[PDB]
Amino acid sequence: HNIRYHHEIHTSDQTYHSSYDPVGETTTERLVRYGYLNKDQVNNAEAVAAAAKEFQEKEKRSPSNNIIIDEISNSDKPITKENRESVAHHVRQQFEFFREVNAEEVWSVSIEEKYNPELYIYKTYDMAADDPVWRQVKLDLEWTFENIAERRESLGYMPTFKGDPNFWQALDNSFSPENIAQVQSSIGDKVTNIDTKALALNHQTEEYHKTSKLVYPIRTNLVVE
Amino acid sequence: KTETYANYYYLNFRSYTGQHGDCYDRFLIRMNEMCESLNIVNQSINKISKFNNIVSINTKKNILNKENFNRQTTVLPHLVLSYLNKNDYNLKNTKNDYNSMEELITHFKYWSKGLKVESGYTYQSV
Amino acid sequence: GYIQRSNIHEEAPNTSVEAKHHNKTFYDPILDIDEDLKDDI
Amino acid sequence: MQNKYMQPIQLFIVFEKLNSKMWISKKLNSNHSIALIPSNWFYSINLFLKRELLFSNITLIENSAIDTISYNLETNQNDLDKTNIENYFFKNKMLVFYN
Amino acid sequence: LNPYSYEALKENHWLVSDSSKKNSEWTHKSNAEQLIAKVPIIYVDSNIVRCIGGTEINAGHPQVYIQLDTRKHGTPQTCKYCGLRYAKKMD
Amino acid sequence: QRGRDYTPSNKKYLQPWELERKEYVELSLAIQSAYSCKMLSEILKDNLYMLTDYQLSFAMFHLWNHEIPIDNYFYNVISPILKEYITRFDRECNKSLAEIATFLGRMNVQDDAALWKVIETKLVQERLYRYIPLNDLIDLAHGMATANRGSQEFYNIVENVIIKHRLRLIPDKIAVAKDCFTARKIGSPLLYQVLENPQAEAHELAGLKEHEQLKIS
Amino acid sequence: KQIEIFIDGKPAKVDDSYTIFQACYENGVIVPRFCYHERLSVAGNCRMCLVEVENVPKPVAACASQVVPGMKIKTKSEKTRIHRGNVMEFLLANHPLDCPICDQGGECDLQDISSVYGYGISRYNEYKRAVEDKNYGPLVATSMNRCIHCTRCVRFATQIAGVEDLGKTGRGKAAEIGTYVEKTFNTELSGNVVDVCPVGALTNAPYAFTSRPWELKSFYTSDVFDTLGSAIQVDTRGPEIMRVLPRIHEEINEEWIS
Amino acid sequence: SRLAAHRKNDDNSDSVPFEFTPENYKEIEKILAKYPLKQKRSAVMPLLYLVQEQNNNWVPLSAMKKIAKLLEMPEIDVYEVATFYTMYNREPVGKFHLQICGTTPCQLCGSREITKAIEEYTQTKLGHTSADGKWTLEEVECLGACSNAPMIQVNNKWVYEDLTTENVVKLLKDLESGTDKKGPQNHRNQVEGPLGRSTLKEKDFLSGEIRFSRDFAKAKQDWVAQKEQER
Amino acid sequence: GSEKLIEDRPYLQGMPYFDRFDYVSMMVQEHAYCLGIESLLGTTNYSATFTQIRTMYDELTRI
Amino acid sequence: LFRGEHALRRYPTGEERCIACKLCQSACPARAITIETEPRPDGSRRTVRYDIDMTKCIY
Amino acid sequence: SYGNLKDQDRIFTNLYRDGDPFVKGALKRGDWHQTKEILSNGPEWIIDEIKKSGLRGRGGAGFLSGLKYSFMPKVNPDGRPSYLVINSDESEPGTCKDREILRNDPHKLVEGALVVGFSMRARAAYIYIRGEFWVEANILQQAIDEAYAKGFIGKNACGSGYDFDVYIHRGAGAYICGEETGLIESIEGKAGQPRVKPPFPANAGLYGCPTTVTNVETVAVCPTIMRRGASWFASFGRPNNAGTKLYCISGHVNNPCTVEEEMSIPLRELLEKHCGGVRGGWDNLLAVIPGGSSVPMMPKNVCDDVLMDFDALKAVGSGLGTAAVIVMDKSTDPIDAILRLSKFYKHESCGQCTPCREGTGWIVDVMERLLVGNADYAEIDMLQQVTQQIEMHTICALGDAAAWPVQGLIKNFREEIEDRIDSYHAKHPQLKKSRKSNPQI
């Protein structure tokens, strides 16, 4: 009776965008391209400073900053041609990532595996025997089979689903027994239980389908005489 | 870590590689992978199995249900699903298209025009 | 969606004899002769 | 996205005359990143990828193309944002993608 | 009883009727109309009757409800999924 | 996750639908994979902000099913989490409460007296036993009897509930309940008669008139 | 007077004459509806257009609510989702399971809105309402169990045409839209009743049981049976033609055909 | 008050005549005068009440059509009004249309017992009309005199309160005879409780003339002065 | 023209093309297609994950 | 669950269970099902032509 | 200390018929006194006097009557008249106060209608009376005829020269007609289906003209407070409340009746003094649903200290509604009582909006199954959620009225429902759950 929240309100469909200007461009070139600074005004230091101030005020980032948007990582350190220390910082970050990404792997990389190799050697007819794990797999499978057999033998029989042609009556039990019998007679059904009292007993009754029993031990029927 | 797509990442199995890149090594790898698929299947089936059972205090022996389905078998596929997603399992097993208007509408739409998929690009590998 | 892990290594199951789930016959000296052939270039 | 990820900004640091347009989404794997590359620089960029130190161990998994000329948002048209990659499909004759 | 008469059309929902029910053998490639016409009208005490086309859910057609409280007493109503016709047991 | 707040909307306990399906499934898989108390505690503490009562009960079931030994790591890390979650439970957490209590009893954790006290207060003092299914209630009583923990009030409550729902008793549950009560030595002649013949008549089972007069809920 | 409002935090400008639904449609955000029709009067019966406003505790019916300065509308909020789900659940309660047999299977806005906005499963497990069918002539087939009592049919008959025959007779869940007496709806514009009816309660009898929407190819053409000329859409499944419909042409057709 | 449409009856066909008497026409004129000249559509309910009074406590379809024609309004509107309002019997009823309240107050006071007694005395079930056209039982909602429950209403006109398993039978016999008590069958007054009054016990004040005089001119002057001072 | 036919057909009706792509890994092909669809949808098949079918049958198909 | 040869069933009364909803036609990946339906004289929603191209159908 | 109102401070004198209810007795007891001067005072003075007195609506809303009247337009340039509708329709369960003034002091109601109409600048006042009150409608019509004959109403009302016409509309049985918009539509002649409320019917209501809907009790008490001063009425109630109110007790009480009493009187004192208390004593009390059926119930735990005030009842969670108190004893079944209430609401639903027109029937079916006992524990929370979905999603506030009693029962007597479900399931084992719909009852 709890249908609210059936649909997943929280989903795993999320995207992030990172856009940067060319690292080759200088502050003056960036200002000229964006239009804040006129092409011929680059010489005038005062004009360049005014254009930089306007750019910072309007676009919410310094002209030196190369990051238009960094939703991916929100990095506050731009990489530019002018600041040569940015290249060194990025190189250090790249090598840090190269170490850490491999470190966090569980199976892909392992220096312990590199320096202590573990080999599988084919040396016997049974390839399972060469591996302790596969021998245990065989033993576990046989143990499971034996446990299932023991449980079933102790129970002594097996319930089974038995087809019942009366499951396909024209009318439901919710209808009157007289109506059910009349419809069955009209459709000429003679292999179904149309007893009025039985139908009345089953009226508005919910119960499981017909079941039979398979009785152990399983043996072949024979005509010995 | 970043590319697992099923229960594999939480199963303890082994993958095999050869120091010779020849047909013989490839054949050995295929044989070993066939053998290890058995171990993976065994682990997967065990993940949905009820091995333990109620033990009587007086006799310290198992109390097996005589007229319960769980006595026939030790593997119950719906075990974890029922245990964790109880509401979803109940809705799935109680509401269908023959008695629920919403289920009928979903069935009709599903089989007339497939489910709507939001626009986007994906690359998924196995 | 993902989860956070603190111990990447899955430590080996306890090898003590007293501890439960101990298999005395897991290793066979006659069969587990890998070490002899392991050091072979 | 609970993994250690870094953008492939080396390409755009080296090719200093190109602008960067990169994406990552949960629709993809945690370690998967999309980028826009101009055709006139595609060959040189692949030359750099094939022999750069950290990009040396790189394999071209896949390559194909999309006929973006007839691409239209059939549902949720208003939800499109200027940062989405779909904005580059409209009015462009073709879009060839490598992975 | 002309099938094309106004009275016949109004009674049969402006469709040309086939009293013999034999034309369907060719039109729809079946005698199901003849077979279903044999079943008599099922009389139900309640004003509203529930039909599932069988004994259990998913063994027939989707569960539907038919109003037997017709503006004219005793008028049979036919189920849309199956041709079974139900009428109220006026007393 | 980015821009995600895991504080429960109910302000009592987190729910599975609040978390992303991927996170829920992956944490459940990790819990299932855990094969020792140490690693299970590590996983639970690392992902505590995403942990749910369903997953905690499932972790207890996994420990019981695989007979993972209970040790110092359990009693020192897992037990506080169980105490906190059980205290924060309410009526709608009947499934988790019954499962956790039953599996702790079956595992026979004879320590964590505070944990057992919290479980008892939730079960009887707060009258949360009325939301436990009859079969689940019988299994919980049997498990607590196996652990040897319990209260006379709780056992009397279970006996009265069994007598009330004698008609719904299944033979397997009857056997389990009879074993539990015989082992504990607690019981009544009316209870034993009901267990022997659940479908007996009112005059067949002497004392049912007094039980009905008591009118146990 | 131009007025600034916010839709999901997106600034927008609309004159005060606009309603919430009209402002949303102009700005490109879709709102479900069952009873609101552009050319018909305004009614707030179905209440499927409920949205969330920051300063309004109760849900606001977008169709019959005028915009206010500074209004903060949250159409993507969880509260709006819950409102849509509740209304859809109430609508689907008592709704017959006639999708396979209903002629509007592929053109049912109720199905579409239930898939996109409402919940995916129903809780109502009880006897549904049952309504007797009505005879409106050889042009309109009526299956009144599928009626949602949105009165679009009544409004069209009283407003677009001069015929005054349809009405909501009764009170409560037993209310029945239609003619109290048994008579045929013989207006020259009876065809458009099927188009306005959104839940397949009224359908095209000649076209009944013929085909499905997803297997038709549509062509825009002009009518010739009347010297007025009408912008029509012709749907064909191969050589066979079927289901001629109107298409919007306000200068000549004004959305209706004879 | 069963179906939301026209029931196919031979005695309620369109051919059934109906004509207002001259007194009814005068009453209709008075009703129209009371209502606005243009808004003649508001006189549907009084017209339906007049039709019920003129007929055997029911509104024929022909009468409804006549009302629509007189009011210059669609017949569908009259149909909607008649179907929406349940006090209009669209089909013939019995000589006594008993209407037993069944809301929670009456239910607590024992409405079910009174209903069973009425059914036993009238030899008919709830809702169904008796074989002979004499009794018609119906269950209705709060009739207003909750404090005097249980209660019934006859012909939508006369209310009988404070009924019991024997008072109701006595009331039914009195109705059949022709002469019966109007109001509660107990000894209580209109709303006075069975035990007695708890208020208004002072007979002197109630009987004597009650006068309350206020210096309205002075009050108005004071209000204006206060308003000016605030200004 | 399997890709062309998949584009012509809706999502569900294109799945059996993935069975046809590989005659011995059809389960894995279906798994990849369904994984892509659910990645677009932003959800995961918790039912399959908890029932373990998508791993055991993938390994059976590998065998 | 084996899928062998297609067949059309009937209700126990003998009436056809097929109502021309064309859901099967739309879902058929191979476009192997062709359905045309006309109202039956009694008024039932029953198909007049229901063809399955066994050579074009993937089982 | 609140209660024990003096017999000489009761506005509704002759509540129990002891004198003539017609013009003779009305003038004997002081009706139609200085009406000319009251009119001459001016509409602004009347509005200010009401505001100072603090009279608030006697219906469910409880809004400030003075402010409600002041909201009406001063003048209509288009020439549209203003209408004063008196909603005498009393169809809410347990409410009897309204009918006890129509047949006792109709002239007081007519005088109040005239005063309010003059204050509001309204040419016509229509008294809409439910068709059940046939005798009361006849009495009020006779009173109106007497007023016209004596010249109080009509041309030169009370010699003031202000033309004012009082008409009577005897509607039929529809509890929905009590709603303002539904009342207006019923007067218009359409179906009593409420209307969405962005137009604020005070601006465009009846016939498209400004109309104001007011309760009979408020209209009747207006002239008396006008004559006796605003301070008099304001001093007979707790602060922020109006004053003397006409309560009516219906449920299991020794002496059911309708009595006028001071505002804020304790519920226990009101039950014990005027009506003799519960049948088996206060200890035998099970619950009380004061202020009509619409508002939730109150258990004996809170009934002890609750005061009959709008604010106090709102804080406790069971509004004062129409001052209709139904006392449910330990003999009755709260589930059955609320089931009957839900059936009443289902019957009375106009049917315009799907939330109400479907949830009412759904709740009725769920309550019926709960009463039978063939229901699950989760169905209680499902019913709670269904009521929360109905509320605030409707147009006329009838969905909320139908939802509130069910929520009150769920929160108060959850254990009773759970015990009944357990009792049913103990005697009715059922392993298999049917996928079919629940059988019709």
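Residue numbering begins at 1 within each chain, and the chains themselves are lettered A, B, C, D, E, F, G, H, I, J and K in the order written.
One rule holds for everything that comes next: a residue touches a chain if its C-beta (ideal position, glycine included) is under 8 Å from a C-beta of that chain, and two chains touch if they have at least 3 such contacts.
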| item | value |
| --- | --- |
| Minimum number of chain-to-chain contact steps, chain G to chain J | 1 |
| From chain I, the most remote chain by mean C-alpha position | H |
| Two chains sharing the most contacts, counting C-beta pairs only | H-K |
| Euclidean distance of C-alpha centroids - chain A vs chain G, Å | 39 |
| Gap in Å, rounded to a whole number, between the CA centres of chain H and chain C | 91 |
| Centroid spacing, where centroids are CA-atom means, of chain A and chain F in whole angstrom | 30 |
| Residues within chain D bordering two or more other chains | 1, 3, 25-28, 30 |
| Contacts with two or more other chains, residues of chain J listed in rising order | 11-14, 19, 21, 23, 26-27, 38-39, 45 |
| Multi-chain contact residues (two or more partners), chain E | 13, 38-39, 48, 50, 52, 54, 56-58, 60-63, 69, 71, 80-81, 84 |
| Contact set on chain F toward chain A in their complex | 2, 17-22 |
| In the complex with chain B, residue positions of chain K that touch it | 433, 435-437 |
| List of chain F residues in touch with chain I within their complex | 21-22, 24-25, 28-29 |
| Residues of chain D defined as touching chain C within the complex | 1-3, 26, 30 |
| Of chain I, residues touching chain B in the complex | 10-13, 28, 31-32, 35-37, 39-42, 46-47, 49-52, 54-56, 58-60, 62-63 |
